[PDB]
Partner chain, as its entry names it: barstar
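There is one chain below, alone, in structure tokens, taken in the form deposited without its partner chain.
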């Protein structure tokens, strides 16, 4: 299930950066950014394979990819933020 909605302005500034790269279709910091997200645990609504894609939300000072990501849904303005490594998700509202 989705944990409600959250304004983009209420997320880390890196979330905004990630959405800007997605808008320009890259380039991304990680060649894997953009890979299909399976939604294997069905946390997000059920959709066909390829409906979702995952992108890194950089964590300051991290040597790894961290636990922050943005999962895009193919629908317009459909984006999910996870700060706990795919455990929970919140719908991102870019209008606030």
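Numbering follows the first chain given and starts at 1.
What comes next is about the form solved in complex with its partner chain, which is not displayed.
- By the criterion of a heavy atom within 4.5 Å, residue 66 is counted among the residues contacting its partner chain in the entry with it bound.
- Taking non-hydrogen atoms only, residue 75 never approaches its partner chain to within 4.5 angstroms in the entry with it bound.
- Contact annotation for residue 84: at least one heavy atom lies within 4.5 Å of its partner chain in the entry with it bound.
- Its partner chain is not shown here, and in the entry with it bound it never comes within 4.5 Å of any heavy atom of residue 55.
- Residues 37, 38, 39, 40, 41 are the ones in 37 to 55 with at least one heavy atom within 4.5 Å of its partner chain in the entry with it bound, listed in sequence order.
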